[PDB]
Amino acid sequence: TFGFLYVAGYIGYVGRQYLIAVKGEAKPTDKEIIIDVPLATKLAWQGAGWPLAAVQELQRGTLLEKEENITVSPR
Amino acid sequence: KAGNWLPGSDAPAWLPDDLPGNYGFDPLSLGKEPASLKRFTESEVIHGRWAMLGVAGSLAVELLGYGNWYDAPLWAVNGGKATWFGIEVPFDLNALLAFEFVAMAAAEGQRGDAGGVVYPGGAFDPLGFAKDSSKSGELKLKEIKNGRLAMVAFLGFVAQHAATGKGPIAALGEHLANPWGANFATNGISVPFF
Amino acid sequence: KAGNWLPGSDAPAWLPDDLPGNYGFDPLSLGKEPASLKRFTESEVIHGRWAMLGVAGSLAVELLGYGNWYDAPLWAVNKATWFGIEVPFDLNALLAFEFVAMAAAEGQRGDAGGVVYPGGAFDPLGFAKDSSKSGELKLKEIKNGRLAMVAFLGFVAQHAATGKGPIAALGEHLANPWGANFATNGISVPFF
Amino acid sequence: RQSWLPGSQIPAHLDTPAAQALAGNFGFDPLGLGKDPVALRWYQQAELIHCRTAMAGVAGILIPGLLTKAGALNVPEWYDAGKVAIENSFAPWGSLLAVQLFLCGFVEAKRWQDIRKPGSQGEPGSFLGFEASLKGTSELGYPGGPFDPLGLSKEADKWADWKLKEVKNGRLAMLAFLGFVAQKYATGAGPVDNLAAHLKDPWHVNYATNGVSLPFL
Amino acid sequence: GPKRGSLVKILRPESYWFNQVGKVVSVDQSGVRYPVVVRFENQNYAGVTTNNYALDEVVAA
């Protein structure tokens with residue numbers, strides 16, 4: 153279980169990393185289809201420290217989105 | 035605040051300085067509402083006084099050689115007859131039960147009849163030690179301190195007995211004989227993996 | 035300052051000259067805060083006086099032939117005797133009396149703010165009625181107190197190493213200094 | 027400047043006044059873990075802790091074990107010394123354990139509160155006389171008074187020198203401990219003996235020959 | 036009102052880009068009940084990326 157959770161959190165974290173990197177782009181659809189190979193490799197290499205990074209961002213509370221996401225009319 | 039409950043820390047806003055037993059200690063922010071807070075004050079004082087009286091009686095018994103607090107119910111909840119100060123009591127268990135119950139009922143009803151008083155005095159200070167309004171302040175401070183201490187003392191008693199099963203004086207003299215051999219760690223019950 | 039605690043050195047700023055037992059000695063800058071400093075003054079004096087009295091009693095015993103300071107607790111923690121005269125009382129009794137007495141005394145001392153020289157009742161013979169001889173008295177007093185502290189340290193360490201009376205190790209070193217010493221003991225310093 | 031890798035680029039957050047002004051910087055942050063200021067500050071403190079602890083540990087391992095190769099000072103192997111000491115002791119290991127836990131916990135909490143607020147334990151009157159010297163020395167990870175008694179923190183010339191040597195030797199002591207435990211798992215022998223063997227024949231006394239580190243061979 | 040090209044947050048609940056941000060193309064100076072012209076980047080379930088708005092339904096954010 154411990155190994156599983158490690159690799160799973162790794163993969164999810166690096167996924168969000170690339171996702172944020174490409175959301176910081178002018179062609180979101182085009183980076184969603186065609187990928188930045190070297191940036192991917194870079195984030196892959198760096199993704200090991202995913203748990204420490206995440207707990208840091210938690211202590212800074214920077215992980216989660218604030219109450220501005222779209223809601224339904226009846227909430 | 036009787037002193038910084040935590041060097042380097044700060045104090046809760048809703049916590050005002052003018053309070054006996056205050057040290058700035060509410061990191062977890064329970065009493066932030068006023069009525070709840072004052073209720074906590076009252077109940078804290080009451081529990082401390084109860085526990086003071088309790089540890090007093092316990093130590094009195096264990097020093098005068100009548101078993102311990104744990105010993106007391108034995109004679110009654112099994113076969114036996116009442117005895118106090120080495121003197122028996124010629125009455126029925128059910129009788130003492132009913133009397134104690136109705137008496138405490140009347141007393142607590144009369145206490146709770148008032149709003150939230152904690153310092154009636156008058157009849158509740160016949161010797162007028164509260165006729166100073168400042169010495170009374172220090173009295174309140176030391177009082178809440180001692181009450182908290184009596185609470186924790188009772189906890190020590192009951193836990194030492196739940197682990198060992200011995201009188202507080204028993205485990206006392208044990209630790210006196212050998213602290214390195216008479217302790218919860220040597221007991222290994224409070225912490226299992228020893 | 036009763037003299038340069040360190041030839042060639044300087045003095046601490048927060049250390050004022052007007053102080054008995056001063057020599058400029060606080061290289062490590064502890065008492066730089068005023069209240070802490072004056073507290074240190076008071077406690078220093080108190081400890082010195084205690085130690086003076088203590089070494090006094092120790093030497094009195096060891097000279098009058100009653101064992102040593104280390105000898106005293108023996109009879110009790112395993115009958116009392118003083119000046120060769122017994123004491124017809126219980127160990128627990130002496131304990132409780134001593135405890136409550138010192139409690140009252142220290143409570144009454146600490147009742148005052150930070151006094152170190154009450155006098156009056158605390159100088160019945162009025163030796164402090166001079167304000168200058170009293171100054172020299174304070175100086176010599178703190179000196180002697182520090183000496184008594186270090187003397188007690190010598191006692192307790194010689195006994196922790198050897199186990200002997202201070203007078204015992206005295207006469208030992210008298211018999212042979214080259215043979216009666218911590219170096220010959222080799223305990224204070226192991227690799228001898 | 028002195029870089030952990032020439033030619034390569036320097037991490038931005040590592041190429042900063044604070045970081046390059048911290049100590050022993052070389053641009054070594056491949057995974058980029060100290061971009062946050064608070065984070066890198068915490069890590070600086072952490073590296074300090076580990077450096078000093080490892081220095082102490084490797085000293086206590088070598089010096090006694092070194093002089094046990096010398097005639098005097100018959101001491102056991104470091105890993106078995108735990109058993110040896112609990113044998114030669116008097117109090118139960120769990121007991122003394124819990125005691126030293128209390129002891130370390132208090133001062134660790136002190137260090138904690140001070141890192142939270144540098145002027146935290148300087149709270150006057152909190153202690154009898156502590157606060158005075160119990161204040162930091164403007165460099166978290168460098169307290170004063172009892173810390174640096176001899177007053178070696180006053181001379182700015184040797185200051186960065188002491189610092190660099192400190193961080194260097196501390197990292198190296200970490201590595202030393204790691205090598206010791208590693209060769210204890212592989213060779214199973216004391217590190218001094220491992221060294222003696224590698225001296226007798228480096229060409230055949232190595233992890234290359236252990237068949238342990240590299241079992242596929 | 037707001038400037039052309041400026042970024043406003045949409046507040047009209049019934050809008051696709053409700054609780055989101057848009058870009059003011061322009062605002063009319065006539066008596067139209069909804070002069071604010073605001074583009075969008077994501078399309079609605081109708082595919083449109085721009086809608087008309089009164090001044091209140093938006094806010095310069």
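Chains as they are written, first to last, in the deposited numbering: chain F, 153 to 227; chain 1, 35 to 228; chain Z, 35 to 112, 115 to 228; chain 8, 27 to 243; chain E, 36 to 96.
Built from N, CA and C at the ideal position, the CB exists for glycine as well.
Limits of the unbroken beta strand (DSSP E) element including residue i
i, result
"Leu190 (chain 8)", "Segment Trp185 to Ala212 is the alpha helix (DSSP H) holding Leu190 (chain 8); no beta strand (DSSP E) there."
Among the options, the one whose alpha carbon lies nearest that of residue i
i, options, result
"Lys179 (chain Z)", "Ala45 (chain Z), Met86 (chain Z), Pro160 (chain Z) and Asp51 (chain Z)", "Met86 (chain Z)"
"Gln70 (chain 8)", "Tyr211 (chain 8), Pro217 (chain 8), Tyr168 (chain 8) and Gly237 (chain 8)", "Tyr168 (chain 8)"
"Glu96 (chain Z)", "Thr220 (chain Z), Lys176 (chain Z) and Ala204 (chain Z)", "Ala204 (chain Z)"
"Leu122 (chain 8)", "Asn236 (chain 8), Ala212 (chain 8), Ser34 (chain 8) and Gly108 (chain 8)", "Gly108 (chain 8)"
"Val238 (chain 8)", "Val218 (chain 8), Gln209 (chain 8) and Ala222 (chain 8)", "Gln209 (chain 8)"
"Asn195 (chain 8)", "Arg67 (chain 8), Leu59 (chain 8) and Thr79 (chain 8)", "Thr79 (chain 8)"
"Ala36 (chain 1)", "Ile87 (chain 8), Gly151 (chain 8) and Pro32 (chain 8)", "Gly151 (chain 8)"
"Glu209 (chain F)", "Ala47 (chain 8), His39 (chain 8), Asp62 (chain 8) and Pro90 (chain 8)", "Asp62 (chain 8)"
"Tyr105 (chain 8)", "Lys226 (chain 8), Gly214 (chain 8) and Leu243 (chain 8)", "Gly214 (chain 8)"
"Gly86 (chain 8)", "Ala182 (chain 8), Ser164 (chain 8), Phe206 (chain 8) and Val193 (chain 8)", "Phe206 (chain 8)"
"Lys189 (chain 8)", "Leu243 (chain 8), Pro43 (chain 8) and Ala47 (chain 8)", "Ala47 (chain 8)"
"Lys218 (chain F)", "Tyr69 (chain E), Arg39 (chain E), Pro48 (chain E) and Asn54 (chain E)", "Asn54 (chain E)"
"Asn221 (chain F)", "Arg39 (chain E), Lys44 (chain E) and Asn87 (chain E)", "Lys44 (chain E)"
"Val207 (chain F)", "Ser146 (chain 8), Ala65 (chain 8), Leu198 (chain 8) and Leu127 (chain 8)", "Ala65 (chain 8)"
"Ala197 (chain 1)", "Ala219 (chain 1), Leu183 (chain 1), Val186 (chain 1) and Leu210 (chain 1)", "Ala219 (chain 1)"
"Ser41 (chain E)", "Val71 (chain E), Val83 (chain E), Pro48 (chain E) and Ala89 (chain E)", "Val71 (chain E)"
"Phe119 (chain Z)", "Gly181 (chain Z), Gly99 (chain Z), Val136 (chain Z) and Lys200 (chain Z)", "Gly99 (chain Z)"
"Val79 (chain 1)", "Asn221 (chain 1), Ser167 (chain 1), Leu173 (chain 1) and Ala204 (chain 1)", "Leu173 (chain 1)"
"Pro172 (chain 8)", "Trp68 (chain 8), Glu181 (chain 8) and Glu157 (chain 8)", "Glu157 (chain 8)"
Opposing strand residues paired with residue i [DSSP bridges]
i, result
"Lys58 (chain E)", "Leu42 (chain E) and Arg74 (chain E)"
"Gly150 (chain Z)", "In DSSP, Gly150 (chain Z) forms no bridge with anything."
"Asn87 (chain E)", "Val72 (chain E)"
"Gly162 (chain 8)", "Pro169 (chain 8)"
"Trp118 (chain 1)", "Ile121 (chain 1)"
"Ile223 (chain Z)", "None; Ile223 (chain Z) has no bridge partner."
"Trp118 (chain Z)", "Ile121 (chain Z)"
"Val94 (chain E)", "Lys44 (chain E)"
Element boundaries [alpha helix (DSSP H), containing residue i]
i, result
"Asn180 (chain Z)", "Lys169 to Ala197"
"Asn180 (chain 1)", "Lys169 to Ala197"
"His209 (chain Z)", "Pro202 to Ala211"
"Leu176 (chain 8)", "Where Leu176 (chain 8) is concerned, there is no enclosing alpha helix (DSSP H), given that its DSSP letter is neither H nor E."
"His76 (chain 8)", "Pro63 to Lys95"
"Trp84 (chain Z)", "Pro68 to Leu98"
"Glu208 (chain 1)", "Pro202 to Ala211"
"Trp104 (chain 8)", "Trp104 to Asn114"
"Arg73 (chain 1)", "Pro68 to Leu98"
"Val166 (chain F)", "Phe154 to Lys175"
"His224 (chain 8)", "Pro217 to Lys226"
"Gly131 (chain 8)", "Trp119 to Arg142"
"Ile185 (chain F)", "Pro180 to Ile185"
"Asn128 (chain 1)", "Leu127 to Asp147"
"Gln208 (chain F)", "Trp202 to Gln211"
"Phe218 (chain 1)", "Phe218 to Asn221"
Rounded Cβ spacing between residue i and residue j (contact assumed at less than 8 Å)
i, j, result
"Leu175 (chain 1)", "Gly55 (chain 1)", "7 Å"
"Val89 (chain 1)", "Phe227 (chain 1)", "With a Cβ gap of about 32 Å, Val89 (chain 1) and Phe227 (chain 1) do not count as contacting."
"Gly155 (chain 8)", "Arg73 (chain Z)", "7 Å"
"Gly213 (chain F)", "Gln169 (chain F)", "Wrong, their Cβ atoms sit about 18 Å apart, outside the cutoff."
"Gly57 (chain E)", "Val73 (chain E)", "4 Å"
"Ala197 (chain Z)", "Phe218 (chain Z)", "7 Å"
"residue 4 (chain 8)", "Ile36 (chain 8)", "Since the first residue shown for chain 8 is 27 and the last is 243, residue 4 (chain 8) is missing from the structure and cannot be characterised."
"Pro180 (chain F)", "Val174 (chain F)", "7 Å"
"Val101 (chain 8)", "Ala202 (chain 8)", "Contact doesn't hold; Cβ gap of about 18 Å is too wide."
"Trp84 (chain 1)", "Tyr57 (chain 1)", "That pair is no contact at about 22 Å."
"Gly82 (chain 1)", "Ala184 (chain 1)", "6 Å"
"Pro37 (chain E)", "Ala95 (chain E)", "5 Å"
"residue 259 (chain 1)", "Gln28 (chain 8)", "Absent from the structure is residue 259 (chain 1), since the part of chain 1 shown begins at 35 and ends at 228."
Inset, instruction - Answer yes if the segment 112-131 of chain 8 comes into contact with the segment 203-215 of chain 1, meaning at least three C-beta pairs across the two stretches below 8 Å, and no otherwise. - result: yes
Inset, instruction - Could you say if the segment 123-131 of chain Z and the segment 47-63 of chain Z meet the contact criterion of at least three C-beta pairs nearer than 8 Å? - result: no
Legend entry - contact_flag[the segment 182-199 of chain Z, the segment 73-92 of chain Z] where n(CB pairs < 8 Å) is 3 or more: yes
Inset, instruction - Pair every Cβ in the segment 159-172 of chain Z with every Cβ in the segment 37-49 of chain Z, then say whether three or more of these pairs are closer than 8 Å. - result: no
Inset, instruction - Answer yes if the segment 95-115 of chain 8 comes into contact with the segment 223-239 of chain 8, meaning at least three C-beta pairs across the two stretches below 8 Å, and no otherwise. - result: no
Legend entry - Stretch-stretch touch, CB-based, cutoff 8 Å, three pairs: the segment 58-73 of chain Z with the segment 171-190 of chain 8: yes
Inset, instruction - Count the C-beta pairs between the segment 158-167 of chain 8 and the segment 38-47 of chain 8 that are closer than 8 Å, then say yes if the count reaches three, no if not. - result: no
Legend entry - At least 3 beta-carbon pairs within less than 8 Å: the segment 188-201 of chain 1 vs the segment 114-127 of chain 1: no
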